[PDB]
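So this one's query-v6.tsv, TSV, C-alpha atoms:
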chain	number	residue	atom	x	y	z
A	1	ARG	CA	110.29	76.32	141.16
A	2	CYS	CA	108.71	73.13	142.25
A	3	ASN	CA	106.72	73.00	139.06
A	4	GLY	CA	109.56	72.57	136.70
A	5	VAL	CA	108.69	75.81	134.95
A	6	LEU	CA	111.66	77.62	136.31
A	7	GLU	CA	113.87	74.73	135.46
A	8	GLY	CA	112.64	74.62	131.93
A	9	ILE	CA	113.49	78.25	131.57
A	10	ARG	CA	116.97	77.58	132.91
A	11	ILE	CA	117.69	74.80	130.50
A	12	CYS	CA	116.35	77.04	127.82
A	13	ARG	CA	118.63	79.87	128.66
A	14	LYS	CA	121.64	77.67	128.38
A	15	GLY	CA	120.05	79.18	125.60
A	16	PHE	CA	118.00	80.82	122.94
A	17	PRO	CA	115.83	83.36	124.75
A	18	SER	CA	113.62	85.07	122.19
A	19	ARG	CA	111.75	82.67	119.94
A	20	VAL	CA	109.78	83.92	116.99
A	21	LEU	CA	106.81	82.25	115.52
A	22	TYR	CA	107.16	82.06	111.78
A	23	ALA	CA	104.25	84.21	110.49
A	24	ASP	CA	104.89	86.62	113.30
A	25	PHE	CA	108.33	86.52	111.74
A	26	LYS	CA	107.30	87.05	108.17
A	27	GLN	CA	105.07	90.06	108.52
A	28	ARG	CA	107.37	92.07	110.76
A	29	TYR	CA	110.54	91.52	108.78
A	30	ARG	CA	109.65	90.69	105.15
A	31	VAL	CA	110.67	94.26	104.38
A	32	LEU	CA	114.36	93.55	105.13
A	33	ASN	CA	115.14	91.81	101.79
A	34	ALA	CA	111.71	92.46	100.90
A	35	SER	CA	111.67	90.54	97.64
A	36	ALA	CA	113.41	87.38	98.87
A	37	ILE	CA	112.06	87.36	102.43
A	38	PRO	CA	108.44	87.96	101.28
A	39	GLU	CA	108.69	85.17	98.74
A	40	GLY	CA	110.04	82.85	101.43
A	41	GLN	CA	107.31	83.70	103.96
A	42	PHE	CA	104.48	83.43	101.46
A	43	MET	CA	105.84	80.36	99.67
A	44	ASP	CA	106.21	78.41	102.86
A	45	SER	CA	104.99	79.88	106.11
A	46	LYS	CA	108.07	78.38	107.67
A	47	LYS	CA	110.39	77.78	104.69
A	48	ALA	CA	109.96	81.51	104.13
A	49	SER	CA	111.58	82.78	107.33
A	50	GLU	CA	114.21	80.30	106.42
B	1	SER	CA	124.26	127.54	103.77
B	2	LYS	CA	123.98	129.14	100.40
B	3	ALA	CA	125.42	126.57	99.08
B	4	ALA	CA	123.21	129.62	99.57
B	5	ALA	CA	119.95	128.62	97.89
B	6	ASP	CA	118.25	131.96	97.28
B	7	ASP	CA	115.46	130.19	95.40
B	8	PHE	CA	113.87	129.35	98.77
B	9	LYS	CA	113.30	133.08	99.21
B	10	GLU	CA	111.93	133.36	95.69
B	11	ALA	CA	109.51	130.52	96.43
B	12	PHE	CA	108.37	132.36	99.56
B	13	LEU	CA	107.32	135.21	97.28
B	14	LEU	CA	105.23	132.73	95.28
B	15	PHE	CA	103.38	131.47	98.37
B	16	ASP	CA	102.75	134.82	100.04
B	17	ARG	CA	99.42	136.05	98.69
B	18	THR	CA	99.75	139.56	100.17
B	19	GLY	CA	103.22	140.36	98.82
B	20	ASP	CA	104.46	141.67	102.24
B	21	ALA	CA	107.16	138.93	102.48
B	22	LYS	CA	105.48	137.03	105.32
B	23	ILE	CA	104.01	133.54	105.23
B	24	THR	CA	101.43	132.39	107.78
B	25	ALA	CA	102.23	129.47	110.08
B	26	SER	CA	99.55	127.32	108.44
B	27	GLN	CA	101.38	127.47	105.10
B	28	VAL	CA	104.77	126.47	106.52
B	29	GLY	CA	103.97	122.74	106.49
B	30	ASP	CA	103.10	122.69	102.79
B	31	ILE	CA	105.94	125.02	101.81
B	32	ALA	CA	108.54	122.85	103.53
B	33	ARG	CA	107.20	120.04	101.38
B	34	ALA	CA	107.42	122.24	98.28
B	35	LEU	CA	111.08	123.03	99.05
B	36	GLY	CA	111.97	119.33	99.11
B	37	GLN	CA	111.29	118.34	102.71
B	38	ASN	CA	108.78	115.82	104.03
B	39	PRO	CA	108.20	116.45	107.77
B	40	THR	CA	105.12	114.67	109.10
B	41	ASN	CA	102.24	116.92	110.14
B	42	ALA	CA	102.59	115.96	113.82
B	43	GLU	CA	106.24	116.95	113.65
B	44	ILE	CA	105.37	120.30	112.12
B	45	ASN	CA	102.75	120.64	114.83
B	46	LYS	CA	105.08	119.73	117.70
B	47	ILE	CA	107.95	121.92	116.69
B	48	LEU	CA	105.51	124.84	116.46
B	49	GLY	CA	104.04	124.25	119.94
B	50	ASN	CA	107.46	123.27	121.24
B	51	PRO	CA	108.41	126.91	120.52
B	52	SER	CA	105.20	128.24	122.29
B	53	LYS	CA	103.84	129.06	118.81
B	54	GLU	CA	100.07	128.76	118.44
B	55	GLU	CA	98.75	127.85	115.00
B	56	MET	CA	95.24	128.43	116.38
B	57	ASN	CA	95.46	132.24	116.37
B	58	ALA	CA	96.40	134.57	113.51
B	59	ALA	CA	100.01	134.20	112.36
B	60	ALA	CA	102.43	136.03	110.15
B	61	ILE	CA	105.83	135.28	109.17
B	62	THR	CA	109.05	136.44	108.41
B	63	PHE	CA	111.66	134.85	106.38
B	64	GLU	CA	114.01	134.96	109.40
B	65	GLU	CA	111.96	132.31	111.20
B	66	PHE	CA	110.97	130.25	108.18
B	67	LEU	CA	114.57	129.79	107.04
B	68	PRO	CA	115.77	128.19	110.36
B	69	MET	CA	112.59	126.06	110.58
B	70	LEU	CA	113.32	124.64	107.13
B	71	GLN	CA	116.90	124.01	108.23
B	72	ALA	CA	115.69	122.19	111.34
B	73	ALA	CA	113.41	120.03	109.20
B	74	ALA	CA	116.18	119.29	106.69
B	75	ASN	CA	118.03	116.90	109.02
B	76	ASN	CA	115.00	114.63	109.15
B	77	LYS	CA	115.20	113.78	105.43
B	78	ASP	CA	117.29	110.71	106.36
B	79	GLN	CA	114.00	109.06	107.39
B	80	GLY	CA	112.86	108.83	103.73
B	81	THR	CA	113.92	105.26	102.87
B	82	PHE	CA	112.15	103.65	99.92
B	83	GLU	CA	112.92	100.10	101.07
B	84	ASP	CA	110.49	100.46	103.93
B	85	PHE	CA	107.83	102.11	101.78
B	86	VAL	CA	107.70	99.26	99.29
B	87	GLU	CA	108.01	96.62	102.01
B	88	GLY	CA	105.12	98.20	103.92
B	89	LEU	CA	102.81	97.71	100.96
B	90	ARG	CA	104.32	94.28	100.23
B	91	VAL	CA	103.14	93.13	103.66
B	92	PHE	CA	99.72	94.68	102.96
B	93	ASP	CA	98.72	92.22	100.21
B	94	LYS	CA	99.19	88.48	99.63
B	95	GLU	CA	100.99	86.71	96.74
B	96	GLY	CA	104.23	87.58	94.97
B	97	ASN	CA	103.14	90.64	92.99
B	98	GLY	CA	102.82	94.23	94.15
B	99	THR	CA	99.09	95.01	93.95
B	100	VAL	CA	96.83	96.64	96.53
B	101	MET	CA	93.09	96.37	95.97
B	102	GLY	CA	91.84	99.92	95.24
B	103	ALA	CA	89.65	100.53	98.30
B	104	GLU	CA	92.20	99.07	100.73
B	105	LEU	CA	94.73	101.78	100.00
B	106	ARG	CA	92.11	104.51	99.76
B	107	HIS	CA	90.56	103.79	103.15
B	108	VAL	CA	93.93	103.28	104.83
B	109	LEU	CA	95.32	106.57	103.49
B	110	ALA	CA	92.27	108.50	104.64
B	111	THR	CA	91.66	106.97	108.08
B	112	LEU	CA	94.94	105.54	109.40
B	113	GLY	CA	97.17	107.97	111.25
B	114	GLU	CA	97.49	111.37	109.60
B	115	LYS	CA	94.15	111.77	107.83
B	116	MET	CA	94.49	112.41	104.11
B	117	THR	CA	91.33	113.69	102.47
B	118	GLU	CA	89.64	111.37	100.00
B	119	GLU	CA	90.07	114.09	97.37
B	120	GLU	CA	93.86	113.87	97.80
B	121	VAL	CA	93.70	110.06	97.88
B	122	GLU	CA	91.90	110.01	94.52
B	123	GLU	CA	94.45	112.44	93.07
B	124	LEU	CA	97.29	110.12	94.14
B	125	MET	CA	95.74	106.96	92.62
B	126	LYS	CA	94.55	108.59	89.40
B	127	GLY	CA	96.51	106.98	86.57
B	128	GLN	CA	98.37	104.27	88.51
B	129	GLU	CA	95.26	102.23	89.25
B	130	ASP	CA	93.42	100.91	86.21
B	131	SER	CA	89.90	99.38	86.01
B	132	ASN	CA	91.00	95.99	87.40
B	133	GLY	CA	90.92	97.54	90.89
B	134	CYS	CA	94.57	96.64	91.50
B	135	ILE	CA	97.19	99.27	92.24
B	136	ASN	CA	100.71	98.22	91.34
B	137	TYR	CA	102.72	99.82	94.13
B	138	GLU	CA	106.08	99.13	92.52
B	139	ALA	CA	105.29	101.78	89.92
B	140	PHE	CA	102.99	103.66	92.30
B	141	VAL	CA	105.72	104.33	94.88
B	142	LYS	CA	108.15	105.05	92.06
B	143	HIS	CA	105.89	107.83	90.75
B	144	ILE	CA	105.19	109.14	94.25
B	145	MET	CA	108.94	109.54	94.75
B	146	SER	CA	109.28	111.24	91.35
B	147	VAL	CA	107.91	114.49	92.77
Write-out of the structure in structure tokens:
Amino acid sequence: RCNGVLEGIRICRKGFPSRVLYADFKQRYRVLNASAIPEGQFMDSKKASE
Amino acid sequence: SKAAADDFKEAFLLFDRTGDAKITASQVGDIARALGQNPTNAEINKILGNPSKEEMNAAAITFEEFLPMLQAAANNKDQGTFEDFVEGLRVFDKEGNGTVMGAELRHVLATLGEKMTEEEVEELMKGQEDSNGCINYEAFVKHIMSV
């Protein structure tokens, strides 16, 4: 509480809880529009998920 | 329901080697697959045990138990989605083209999860993998879903 950790969580939650790392995002979900999501993830580790 | 498909009873006469109209419990997994049902082997195992049925001791069957077990497996055919089969193998190899290196698919199909023999793995790759060592799984999963 006194750290700021709990306050950073607060401010976050005013917020977007779950946050996926891009590769961790590719792999697990490529399969959803398989062709177009795989291309995105492979073509730009980030731009992909996009 | 009949739609009463009486050809399931005619196929039971093609799998019973004694002609007495009974099929052992060890054949029921492969005959559900030959009637157009793909229950996983753990599912076929569970159901059996679930019903205090031991596949470890001698077994016989009657058509009156095999018919309702095929009808209990027939609801699970909604799990056979080809989007997830092609996307599984698309996450298994890099680049934008559907090719698994030969030995990657052979060792994964024999040792990961439900063990497929390497004889059956070679019979499922025979023709779809050429001498480049690259299995095109777009046509490979197409031909696996043709049977």
Assuming 6 Å of padding per side, give the centre and edge lengths of the axis-aligned box around every listed atom of region 21-33 of chain A, in Å to one decimal and as lines of an AutoDock Vina configuration file.
center_x = 109.7
center_y = 88.2
center_z = 108.7
size_x = 22.9
size_y = 24.2
size_z = 25.7
- Message: Taking all atoms listed in the file into account, find every residue of chain B that has an atom no more than 8 Å from chain A, and write it out as a PyMOL selection string.
- Response: chain B and resi 83-84+86-88+90-91+94-96
Residues of the last selection are to be written out with C-alpha atoms, as a PDB file, keeping the file's coordinate frame.
ATOM      1  CA  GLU B  83     112.920 100.100 101.070  1.00  0.00           C
ATOM      2  CA  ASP B  84     110.490 100.460 103.930  1.00  0.00           C
ATOM      3  CA  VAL B  86     107.700  99.260  99.290  1.00  0.00           C
ATOM      4  CA  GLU B  87     108.010  96.620 102.010  1.00  0.00           C
ATOM      5  CA  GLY B  88     105.120  98.200 103.920  1.00  0.00           C
ATOM      6  CA  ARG B  90     104.320  94.280 100.230  1.00  0.00           C
ATOM      7  CA  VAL B  91     103.140  93.130 103.660  1.00  0.00           C
ATOM      8  CA  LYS B  94      99.190  88.480  99.630  1.00  0.00           C
ATOM      9  CA  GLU B  95     100.990  86.710  96.740  1.00  0.00           C
ATOM     10  CA  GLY B  96     104.230  87.580  94.970  1.00  0.00           C
TER      11      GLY B  96
END
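Checking B:35, B:121, B:47, B:21 one by one against residue 64 (chain B), counting all atoms listed in the file, you find the shortest gap at B:21.
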- Between CA of residue 18 (chain B) and CA of residue 62 (chain B), what is the spacing in Å?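 Computed distance, CA of residue 62 (chain B) to CA of residue 18 (chain B), equals 12.8 Å.
Rounded to one decimal, CA of residue 39 (chain B) and CA of residue 19 (chain B) lie 26.0 Å from each other.
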- Message: Please determine, counting all atoms listed in the file, which residue among B:11, B:44, B:89, B:28 has the shortest atom-to-atom distance to residue 104 (chain B).
- Response: B:89
- Message: So the first atom is CA of residue 117 (chain B) and the second is CA of residue 36 (chain B); what is the distance between them in Å, to one decimal place?
- Response: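 One can read the CA of residue 117 (chain B) to CA of residue 36 (chain B) distance as 21.7 Å.
Close contacts of residue 9 (chain B), defined as residues with an atom at most 12 Å away when counting all atoms listed in the file, with chain neighbours fewer than 4 positions off set aside, comprise residues 2, 4, 5, 13, 14, 15, 16, 21, 22, 23, 31, 35, 62, 63, 64, 66, 67 and 70 of chain B.
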- Do you know which residues lie at most 6 Å from (111.0, 84.4, 108.6), with coordinates as in the file and all atoms listed in the file counted, and could you write them as a PyMOL selection string? chain A and resi 22+25-26+41+48-50
- Could you give me, as a PyMOL selection string, the residues within 12 Å of residue 125 (chain B), counting all atoms listed in the file and dropping anything in the same chain fewer than 3 positions from it? chain B and resi 100-106+109+118-122+128-131+133-137+139-141+143-144
- Query: With distances taken over only C-alpha atoms, which of B:132, B:32, B:126, B:82 is nearest to residue 68 (chain B)?
  - Reply: B:32
